[PDB]
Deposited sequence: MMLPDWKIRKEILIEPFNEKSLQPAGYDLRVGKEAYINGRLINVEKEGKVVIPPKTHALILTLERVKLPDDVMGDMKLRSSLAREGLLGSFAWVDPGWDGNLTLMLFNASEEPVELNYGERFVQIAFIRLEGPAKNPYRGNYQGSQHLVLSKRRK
């Protein structure tokens, strides 16, 4: 089952916690301090925004650290207005036991740049309870490694 807002507030460490981000069954993660586009690190905190060029992907760090219990899985989707403007998120599962800020990939499929402001709500994470705790459950900066 999915956790409602009042259980998210109790069980998931989400810091810094933004009241306006809590949704009926999820939390709107915000654009954080760092992004990475076309080989270049962007200080989003300093610049106040990140601009995703047309037909280009970007890595964006969430403002929030999220810590999941060993019996909850995190499930992210882009916010609806950003999808309408041509963004697609490429998201992995957030494993039970995860603790950290998330590095999120967004692709701008449109022919026009798309801007996101520092601190803007951009991805809603929902939380799904596991039937029992994982036998083997699973961080403040962008992850920039590749295989």
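In sequence order, the deposited residues that have no C-alpha coordinates form the ranges 139 to 144, 154 to 155.
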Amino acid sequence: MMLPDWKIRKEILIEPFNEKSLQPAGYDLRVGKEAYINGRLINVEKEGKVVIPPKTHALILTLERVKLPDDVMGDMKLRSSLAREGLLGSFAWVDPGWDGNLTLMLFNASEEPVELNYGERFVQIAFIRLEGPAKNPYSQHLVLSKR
From here on, numbers count along this sequence of modelled residues.
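A summary of the deposited B-factors shows that, of 86 to 94 and 47 to 55, the stretch with the larger mean C-alpha value is 47 to 55. The mean Cα B-factor in the deposited entry runs higher for 66 to 74 than for the other of 66 to 74 and 25 to 33.
Ranked within its chain, residue 102 lands in the lowest third, by CA B factor from the PDB record.
Looking at the C-alpha B-factors along this chain, the one for residue 81 belongs to the middle third. When the modelled residues of the chain are ordered by C-alpha B-factor, residue 116 sits in the middle third. Placement of the Cα temperature factor of residue 38 within the chain: highest third of the modelled residues, per the deposited record.
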